[PDB]
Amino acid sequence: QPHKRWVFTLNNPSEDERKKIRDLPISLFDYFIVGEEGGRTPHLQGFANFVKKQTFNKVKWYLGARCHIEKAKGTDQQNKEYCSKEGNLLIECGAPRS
């Protein structure tokens, strides 16, 4: 079952892993935010709200194999707040839908 909204984390991300995420097209998303957190072991904290419904395999293809991804929960704005809670954003793109 594909869903539209995914959350995801990446502990200790490589720079090639950072560029894979930033190299995504702006059109993939209604809303996209990934903050950097932690620097005793920095992890990425990301929430993606895709335009189309996406499948696990497709969310992993886009973000990276090493990401831990699962269906998101809560309002768009709620996860925006969760992802920008250490105040070091890497990517924001779009606007939070309902």
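In this text, residue numbers run from 1 along the sequence as written.
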Are any deposited residues left out of the model between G38 and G39, and how many (none, 1 to 3, 4 to 9, 10 or more)?
-> 1 to 3
Could you check the entry and say whether 43-51 or 69-77 has the higher mean CA B-factor?
-> 69-77
Lowest, middle or highest third of the chain for the C-alpha temperature factor of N12?
-> middle
When the modelled residues of the chain are sorted by Cα temperature factor, does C93 land in the lowest, middle or highest third?
-> middle
